[PDB]
Amino acid sequence: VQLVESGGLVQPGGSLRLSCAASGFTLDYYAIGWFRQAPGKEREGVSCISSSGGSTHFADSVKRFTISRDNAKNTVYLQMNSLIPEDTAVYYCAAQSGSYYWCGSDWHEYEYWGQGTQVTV
Amino acid sequence: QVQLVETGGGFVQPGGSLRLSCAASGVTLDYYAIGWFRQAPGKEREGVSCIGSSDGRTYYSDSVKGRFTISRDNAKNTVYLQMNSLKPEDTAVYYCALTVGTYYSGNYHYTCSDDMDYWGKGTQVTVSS
Amino acid sequence: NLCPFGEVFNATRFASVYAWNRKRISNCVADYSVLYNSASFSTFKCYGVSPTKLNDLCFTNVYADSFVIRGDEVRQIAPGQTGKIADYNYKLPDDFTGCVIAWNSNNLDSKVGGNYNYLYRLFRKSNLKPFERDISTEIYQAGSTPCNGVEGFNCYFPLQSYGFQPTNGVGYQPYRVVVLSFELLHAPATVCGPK
Ligand SMILES: *[C@@H]1O[C@H](CO)[C@@H](O[C@@H]2O[C@H](CO)[C@@H](O)[C@H](O)[C@H]2NC(C)=O)[C@H](O)[C@H]1NC(C)=O
């Protein structure tokens, strides 16, 4: 049971795409959230996709970002556009089995965590 | 953000006395136990004394046999350990600790076990000739 | 004849986990979709069944156990777990069939100064068997010396208040938990979905 992120330098105005692919379990029933942490700042919620497929954006910044899931490939994608230097951080995907529409902004409530991939702008 | 600060340690001759102080700040719980523990060199930490916030009830380890007294000043948020008839066996770092109290079936219960919610950094007590 | 899930999930007060409450649910129509098709539950984990298809299932009885624990402890309400809660308070069997549902209740169950009414068993001589409930309050002898009815070092009152405060970190906040056990007995079903 594992989460593996991929897709992280780039400079302002560019686009990057991050993927979270899971092993050892099926991600259909899980909500997947992306959290990021910059040096010297708190860990912050980026975006989340519920088991239903609904999208929620947490950071007022990214409200420029899109999130999607491919149940068939057991993966989730975060599309980052119009990159800025304030978007430099370690990005994490996390999985939690909640109710159908649940997507929580608080990282403490998520069971499963990826390894984390650095995005530098 | 509870913080516990122990003061009052130092050196004393066998048979002498010391009064330690545990100054608590940031305590937001209404009911809690405060304990004094000690760790002698090379040995595991052990409880010395326990006091309950609401009524000042106390208990002691068997090692203390009547020579130590724990007490609280509520107006200063400070708990004291008066240590009399000190012996070389008493040499140790003394820690104070705070942990949440318990309400059950109309009464409060206070327990200082080896696991406490918050710990001070400790103060050295040395009993020597 | 709808099943009274509201009485369970929306009860004003919940039990302490050491004295966890069980409600038998029988002879009614169960609409589980009101639970699953919501954004309300940070934990909604089913064992042996699919959450999307609960309304297709028929059981002789459904048991709804409910109680409050800390957020960091919700993971112990699962088959095969260990820790103070699974070991000493509420134990699920390896072959559990049912759903574990939980949600943060800081808005109802924390209090300035601490809410002391929710307790858990902190000391016990041996682990609970699945679905065992222990409400005894004997002094726990942690060392070799008998306690003889007096509390002290190594002689502990066995229950502990959480003392929830609204400023606690989320891992230390209260979570309400409902465990639905689906009884698999070869007998006439009395709890079926609407269909
Ligand atoms: C327990 O809570 C409420 C009681 O008001 C029931 O309904 C929820 O709240 C409003 C009221 O219509 C609506 O959003 C939904 O009906 C419920 N919320 C969500 C997020 O679905 C709720 O159904 C009750 N739970 C039961 C009966 O199991």
Side-chain angles (χ1 to χ4, degrees), chain B residues 2 26-39 43-64 66 68 70 77 81 94-118, chain C residues 13 15-19 68 70 72 83-84 88-89 106 109-124 134-169 171-174:
Chain B
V2 168
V27 178
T28 53
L29 290 166
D30 289 339
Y31 302 103
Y32 49 92
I34 284 165
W36 283 97
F37 297 72
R38 67 184 183 182
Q39 190 165 11
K43 295 168 176 306
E44 283 162 26
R45 186 151 67 195
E46 62 182 39
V48 178
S49 183
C50 190
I51 188 165
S53 69
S54 59
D55 61 358
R57 76 184 71 172
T58 61
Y59 65 66
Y60 296 93
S61 72
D62 283 331
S63 288
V64 171
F68 302 174
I70 190 178
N77 284 295
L81 190 68
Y94 289 70
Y95 298 87
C96 68
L98 187 146
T99 205
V100 58
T102 294
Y103 187 72
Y104 170 77
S105 198
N107 287 299
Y108 288 95
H109 302 86
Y110 296 104
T111 302
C112 304
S113 67
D114 293 337
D115 295 85
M116 302 284 286
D117 298 340
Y118 306 102
Chain C
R13 293 282 113 201
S16 287
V17 65
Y18 86 95
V68 165
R70 296 168 169 120
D72 279 344
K84 299 299 177 186
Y88 301 157
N89 288 269
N106 205 36
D109 290 322
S110 297
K111 181 187 163 298
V112 179
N115 177 3
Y116 287 79
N117 287 316
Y118 286 113
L119 312 183
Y120 62 104
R121 185 173 302 281
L122 177 56
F123 304 102
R124 200 175 191 267
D134 182 356
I135 59 167
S136 62
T137 49
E138 295 289 325
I139 297 172
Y140 176 76
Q141 179 184 327
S144 53
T145 311
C147 298
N148 291 317
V150 177
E151 295 175 30
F153 287 107
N154 302 318
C155 285
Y156 304 133
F157 186 72
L159 305 182
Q160 170 65 53
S161 284
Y162 283 110
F164 295 115
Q165 307 171 85
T167 50
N168 287 350
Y172 289 77
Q173 285 179 10

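To find a chain, count down the sequence lines: A is the first, B the second, and so on, and within it residues start at 1.
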Heavy-atom closest pair (C:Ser161 atom, B:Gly101 atom, distance to 0.1 Å) is CB-O, 3.4 Å
query: Any donor-acceptor pair under 3.5 Å linking the side chain of B:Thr111 with the backbone of C:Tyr156?
result: no
Here the gap from C:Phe157 atom CZ to B:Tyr110 atom OH, rounded to the nearest 0.5 Å, amounts to 12.5 Å
B:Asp55 atom CG, over 12 foreign heavy atoms within 6.0 Å = yes
Intermediate values then yes/no, side-chain contact (heavy atoms from CB on, under 4.5 Å), B:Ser113 and C:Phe123: CA-CA 11 Å; B:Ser113 67; C:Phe123 304 102; 4.1 Å; yes
Okay, C:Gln160 and chain B: the region with an atom under 4.5 Å from a heavy atom over there is both
Bottom line for C:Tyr172: the part with an atom under 4.5 Å from chain B's heavy atoms is neither
Listed by number, the residues in residues 109-122 of chain C that come under 4.5 Å of chain B (heavy atom to heavy atom) are C:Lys111, C:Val112, C:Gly113, C:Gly114, C:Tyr116, C:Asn117, C:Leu119
Value for CG (C:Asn168) from OG1 (B:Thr28), rounded to nearest 0.5 Å, stands at 8.0 Å
Listed by number, the residues in residues 137-151 of chain C that come under 4.5 Å of chain B (heavy atom to heavy atom) are C:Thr137, C:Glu151
The interface call for B:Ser105 against chain C, heavy-atom contacts under 4.5 Å, is neither
Per-residue tally against chain C (heavy atom, under 4.5 Å) across B:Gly35, B:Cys50, B:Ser49 peaks at B:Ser49
